[PDB]
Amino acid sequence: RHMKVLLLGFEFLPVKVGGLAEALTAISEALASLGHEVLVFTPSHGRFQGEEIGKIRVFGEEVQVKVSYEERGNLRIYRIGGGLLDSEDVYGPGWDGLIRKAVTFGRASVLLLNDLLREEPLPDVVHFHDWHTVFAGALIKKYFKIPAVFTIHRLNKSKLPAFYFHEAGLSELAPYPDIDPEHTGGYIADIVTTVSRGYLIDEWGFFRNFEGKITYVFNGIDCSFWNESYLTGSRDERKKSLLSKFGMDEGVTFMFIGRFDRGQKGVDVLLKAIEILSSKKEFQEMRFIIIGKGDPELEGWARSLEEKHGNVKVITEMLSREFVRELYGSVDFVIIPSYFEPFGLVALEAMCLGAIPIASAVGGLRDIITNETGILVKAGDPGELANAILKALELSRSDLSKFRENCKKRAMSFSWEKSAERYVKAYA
């Protein structure tokens, strides 16, 4: 039953870059609330000012380690500062700084766990996340000999010089001049996981190295935040109103929310799909809201289409999640033309709010979006996307309502509690 878990993560609310902080906080809270004792080690990144607990030696120098302790029942959070762990640049500063920071975090973690073990038993498992925490995971397994579980949220696919493993005290893990840290993490782990069954398959070229000890464990979504109980009026009124607030009268509405970049989130695919459609007769019963920022080229292309058409709105400012929740709760479709997707949180947030997804058939999107709950399409293919948008527009029959309902039912089976229960089996 009850386990004591040591969870190593490189970000953790309130200190976040993208969604990882929130996902790790969610997991920890879920584990805790099932009754398990959960200790979290994570860097301070400059936000906390902890107690000195002793020195470590990193790259020929001494570093005084600091620790801030937050405790809430079975959930125990240790934020470790000292040297590079004080940089506010979570994934820095610079590439070299980052990796030195990750080594620093590895030695600092060992120090802390020794310090703690003076007064409590060893944890039953160490669960570390992403490549940044591999020095720490590998050192803890090595020194304290406890079962390790390695979870990959996103494969960085990059190598480090052996120098770093040597300096970390992990020479035995460095039999070549250059070493893939993700591969090392899978290698020393008793169990490896990633956050979706379709990403595990999309990356089987990597993950097959761990046949026999590899599985997937989905992430969750917070549907207590993402639901419609926060919105008023009916969906028609809201849409009628939003569109109008954008200069447009009613029409079936598609939304994209994403950074603007090449070969990732796929706004370029969508901007092209739109051009492809901007000559059909039905392009006129369609409204597009494009939200994000990044590549200037991609920005201009979007601003230009906005100008060319009184049918396209573009938002490069930053939207609060309260407001995004409003958008999802009022548009007809959300479009998710990713080139790859470890999990698919946006699809879930949208689905929790009755928006019907049209997504690339990549990674977790293939898991999440089943055939009664959204439309899937080849990634990278503007004509396939433009076509799907067309199908959707013809879909417009008040049995979009069947879809919407299926979307909600579905998205909500992705609870964090189920993730946690799943990780617990894996721990055991």
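The first residue of the sequence shown is number 1, and the count goes up from there.
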query: Higher-B stretch (mean Cα B-factor, as the entry records it), 404-412 or 13-21; finding: 404-412
query: Stretch with the higher entry mean CA B-factor, where the candidates are 250-258 and 112-120; finding: 250-258
query: Deposited CA B-factor, highest of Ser234, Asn156, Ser171, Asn74; finding: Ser234
query: Residue, from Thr194, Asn219, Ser338, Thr316, that the PDB entry assigns the highest Cα B-factor; finding: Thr316
query: Third of the chain's Cα B-factor distribution that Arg57 belongs to, per the entry; finding: middle
query: Among modelled residues of the same chain, the CA temperature factor third for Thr184; finding: lowest
query: Cα B factor band for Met286 (lowest, middle or highest third within the chain); finding: highest
query: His166 - Cα temperature factor, lowest/middle/highest third of chain; finding: middle
query: Position of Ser224 among the chain's modelled residues by C-alpha B-factor, lowest, middle or highest third; finding: middle
